[PDB]
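In: turn this into a structure:
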Amino acid sequence: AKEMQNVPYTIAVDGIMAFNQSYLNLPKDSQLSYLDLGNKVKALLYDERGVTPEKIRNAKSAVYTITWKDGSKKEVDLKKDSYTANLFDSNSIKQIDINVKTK
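Out: Numbers count the residues shown, from 1 in each chain. Coordinates below:
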C-alpha cells in the first residue's frame, strides 16, 4: 500500500509546456479515486500555472489524459467536474498529460 512511485506528468496551457519534467507520487498497490487524482491535477494547474477553476470553466477545453502501462489511454474532461466513486489501479498508471486550451 505504502511505497510511493514516480508518475511523470506534463502540463500544456495554450501550447506552453513546462521546462523538463516533473513527477507526481502515488501509492503502489492501491485502488485510488479519480476524484482525488483530478484534484491533484487541478492543484498542479493552479500551483504551477495559476490556472483557476474559473479559467477551467471558461476554457475552450480542459482535460488530462491518462496513459496506462499497456499503452492505452483515457481522457478525463475537467470541464465536467462532478462526483464519481470510480477507483483505478495505481499499478496501471504510466503517465499523465495535462492539457488546457484557453482560447
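
In: residue 13: neighbour count?
Out: By the criterion of other C-beta atoms under 10 Å, residue 13 has 20 neighbours. Just so you know, the C-beta spots here come from the backbone N, C-alpha and C atoms, and that holds for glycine as well.

In: likewise for residue 98?
Out: Other residues near residue 98 number 24, with proximity taken as other C-beta under 10 Å.

In: residue boundaries of the helices in the protein?
Out: 34-44, 53-58 (DSSP state H).

In: quick one: closest of the ones you listed to residue 5.
Out: Comparing the helices of the chain against residue 5 with C-beta to C-beta, the closest turns out to be helix 34-44 (13.6 Å).

In: elements contacting the closest one?
Out: The helices and strands touching helix 34-44, judged by 3 or more C-beta pairs under 8 Å, 6 or more residues apart in numbering; DSSP states H and E, are strand 87-89, strand 93-101.

In: tilt between the longest one and helix 34-44?
Out: Which is strand 93-101. 60 degrees (axes from the mean of the first three to the mean of the last three C-alpha atoms, to 10 degrees).

In: rewinding a little: which one of the helices and strands packed on helix 34-44 is the most hemmed in?
Out: Among the helices and strands packed on helix 34-44, strand 93-101 has the highest mean neighbour count (mean count of other C-beta atoms under 10 Å), at a mean of 19.
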